[PDB]
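A single chain comes next, written as structure tokens; it is the form deposited in one PDB entry.
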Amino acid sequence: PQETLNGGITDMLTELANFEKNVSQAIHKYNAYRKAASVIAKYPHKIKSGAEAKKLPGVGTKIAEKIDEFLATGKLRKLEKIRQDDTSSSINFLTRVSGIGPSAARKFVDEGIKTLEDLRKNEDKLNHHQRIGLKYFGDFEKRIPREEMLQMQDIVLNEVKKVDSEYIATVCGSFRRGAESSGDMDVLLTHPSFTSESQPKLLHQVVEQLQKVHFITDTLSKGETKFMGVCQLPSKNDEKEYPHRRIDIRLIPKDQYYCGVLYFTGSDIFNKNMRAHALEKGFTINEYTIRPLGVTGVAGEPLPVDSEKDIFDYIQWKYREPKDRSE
């Protein structure tokens, strides 16, 4: 629904989620608050009481109490307090830098490094990832309009094919489900020569080529199967330059590729539903494989998968195109 409904409550819960994760280092509380925020965000009524909210799965006694306080007073004492806490707010802020997690942010604030300006002045204390995250701090917080993702995909698919026309590349994520904007670009790559039983240059040569045509600008991490870096669309030579964007590229064995594409296309919710359903039909699906479950629950060998549809067929599901994988 629109924010007008329960945006005050869901903003409250997301803020609380962030402090749990970045300050208290309580990742399961972070996810509990996020779960609560999402179920409330989908609730098609403006909530009148904590009790009403507690009926929703993921909202318990304490969040119901917080909702009561927020509805009565328009705020939450504990969040007002942590918001003005110099240490906690600074730790929370610093984690917006890619590469600065809760542990680094706490360490920085402990020694008086609290702002982007402070980080800019203490580059020797930043690792390579963190330096890149700082350099592109604002760019990395911008969304990517679908039209730019299409231009991005144009470049990726062209250059991949140029390196070896037998590569298979798929841009996944919400983009593949048809989303009007994305947060980053997630590219899944395979090659008929790379199987689970099989070159440690297949990923490198694609990354190199994207660097050679000046699409990839920076590297956060790169190994034999996963690249995580930065890219930028070329600008009209005249026009404003495009923001730098996060791009990941994963090399996946061919016999696990479509399980990978299915998983990294999502949704998260659709993934959970499909996995639930697979179990009930006697299969276990993870990001790599689909395997049959015996009558005592013992997993068999992975089943051949040569399309996304193969996975749907095994669990006797109607194939659904990515646009209908919302749930």
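C-alpha atoms forming the largest set that superposes within 1.5 Å between two forms make up the rigid core. Only residues modelled in both forms are compared. Sequential numbering from 1, following the sequence displayed.
Although it is not shown, the form deposited in another entry is what the next lines describe.
Put the two forms on the same core and the Cα of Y314 is off by 2 Å or more between this form and the one not shown. After superposition on the rigid core, displacement of the C-alpha of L279 between this form and the one not shown amounts to 2 Å or more.
Positional change of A26 between this form and the one not shown stays under 2 Å at the C-alpha, relative to the superposed core. Cα-Cα spacing of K309 to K162 is enlarged in the other entry versus the present form (difference of at least 3 Å). Between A17 and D268, the Cα distance is smaller in the other entry than in this structure, by no less than 3 angstroms. For residues common to both forms, superposing the rigid core between this form and the one not shown reveals consecutive runs of 3 or more with all Cα shifts of 2 angstroms or more at 3 to 5, 257 to 259, 266 to 286, 289 to 327.
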